[PDB]
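Given as structure tokens, the chain that follows is alone and in the form deposited in one PDB entry.
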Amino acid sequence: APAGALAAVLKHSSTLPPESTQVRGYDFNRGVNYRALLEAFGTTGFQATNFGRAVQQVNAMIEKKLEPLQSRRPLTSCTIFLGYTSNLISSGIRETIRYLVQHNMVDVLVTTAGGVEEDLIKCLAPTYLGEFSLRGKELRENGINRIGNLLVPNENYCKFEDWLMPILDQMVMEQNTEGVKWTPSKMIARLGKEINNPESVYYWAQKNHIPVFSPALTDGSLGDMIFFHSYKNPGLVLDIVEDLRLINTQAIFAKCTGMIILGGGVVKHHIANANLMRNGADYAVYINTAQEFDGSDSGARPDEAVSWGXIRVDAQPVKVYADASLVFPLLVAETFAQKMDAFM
């Protein structure tokens, strides 16, 4: 056999360090213990191992948050920023996020406009399961709107209009006669108070003094309603400058920050950019489906953010490459939900 060939393939190797963890999956001959099954993801490899690392990172930021020490929310030992794209509020992850907000487990929310309005609309009418392959022409003819494999009847938006128009009237009157300078976070707090329904994420956020930022709040159905309303009752102004001040000072005056970001886009960048103002987040977990090759911010690995100063150089950020509708409930089950006693 050719000597160079044998030397290439049968190269000698170095011994790995003794802390080296061996690959091994869960053994179902033990039966089905769901806690042991989830723990075994950490030694299974590929994204299962990243999930295991994400559990560890989240548990670290919770433990730090539970250490004793233009906002009335009290400082804790670690401020947790939670960001999520709109479509995740269309999904049942809405319930997962509501739970975290209800029990004051996170401190700052960031979402796009759909992620605001659809939480409110779900208190008036439900969203239904469908399929991705349904054809647009047939859905349009029957007054049904598709979001992935979910379906929202047009009627839902008519109900939202009827609910929202009197509130927009009051907001204009308060602006003009009580001096209120409206921003997205202030409007979202008001809407959560008005929906007055404990299934709503934003009801709990305003009850618990958790601010919600959404700088492009007009890009959605709420924007449509504001548009039509402005010809009936002109005058509403929505400033985004004050809200930049508010989010950035949440980071600047924190003892510690952690970021948990579901998806990409504005929600990811806006949280990360706030944490640059303190020379970076202490903890960071990304769960998203985007890839780096197209140079996008959405698809950028956590290590790109280290180069900017958005994540501290000493941090151990983790990305899980998966649909958050699969992963986030499992993550919550092994982290926040295990510490519910401590949060109350």
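The numbering used is simple: start at 1 and walk along the sequence shown. Throughout, rigid core stands for the largest set of C-alpha atoms superposing within 1.5 Å between the two forms.
We do not show the form deposited in another entry, though everything after this point is about it.
Peer 1: Of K122, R94, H270, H229, which one's CA moves 2 Å or more between this form and the one not shown, core aligned?
Peer 2: Flagged residue: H270.
Peer 1: Once the two forms are fit on the core, has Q47 moved its CA by at least 2 Å between this form and the one not shown?
Peer 2: False for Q47: its C-alpha shift is below 2 Å.
Peer 1: Once the core is aligned, please say if the CA of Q316 is shifted by at least 2 angstroms between this form and the one not shown.
Peer 2: Yes, the C-alpha moves 2 Å or more.
Peer 1: Are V266 and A60 closer or farther apart at their Cα atoms in the other entry than shown, with the shift being 3 Å or more?
Peer 2: Closer, not farther.
Peer 1: Work out the direction of the Cα-Cα change for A274 and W204 in the other entry: closer or farther than in this form? It's 3 angstroms or more.
Peer 2: So the answer is farther.
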